[PDB]
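In what follows, a single structure is set out as structure tokens and then discussed.
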């Protein structure tokens, strides 16, 4: 639950780049990021269960 | 990557919701989602450590 300074820097920096995105770019990025998350969660769950 | 059928359904569900967002809604939700991904990652790292 406690984030590192580097994690916090990454989020704050991402947020500044999101503000330059068009409507179309933000939408395509959302769907791609959700897909990355769902795949990554499945990977972690497998590692944990093994 | 090759997605499972359940992943395909979840992502399509999410795509329907997104394609109906305004510019500002999509930007705001993107920053929230990225934060949630980082937090989840931190949580998983904690769970792995508490096995080994």
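Residue numbers (the authors' numbering), protein chains in the order written: chain B, 5 to 54; chain A, 5 to 56. All C-beta atoms in this analysis are idealised placements derived from N, C-alpha and C, irrespective of residue type, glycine included.
Contact belief for residue i with residue j at Cβ below 8 Å, rounded distance in angstroms
{"i": "residue 25 (chain B)", "j": "residue 31 (chain A)", "result": "6 Å"}
{"i": "residue 22 (chain A)", "j": "residue 22 (chain B)", "result": "At roughly 14 Å, the Cβ-Cβ gap does not stay under 8 Å, so residue 22 (chain A) and residue 22 (chain B) are not in contact."}
{"i": "residue 52 (chain B)", "j": "residue 51 (chain A)", "result": "6 Å"}
{"i": "residue 13 (chain B)", "j": "residue 38 (chain A)", "result": "The pair is not a contact, with the Cβ atoms about 13 Å apart (cut-off 8 Å)."}
{"i": "residue 46 (chain A)", "j": "residue 11 (chain B)", "result": "7 Å"}
Close Cβ partners of residue i (< 8 Å) along its chain, the five nearest in sequence each way excluded
{"i": "residue 7 (chain A)", "result": "15"}
With 16 other Cβ atoms within 10 Å as the buried cut-off, status of residue i
{"i": "residue 33 (chain B)", "result": "buried"}
Same chain, Cβ closer than 6 Å to residue i, neighbours up to 5 away in sequence not counted
{"i": "residue 44 (chain B)", "result": "none"}
Checklist entry - Which residues, in order along the region 15-28 of chain A, keep a beta-carbon less than 8 Å from a beta-carbon of chain B? => result 15, 18, 19, 22, 23, 25, 26 and 27
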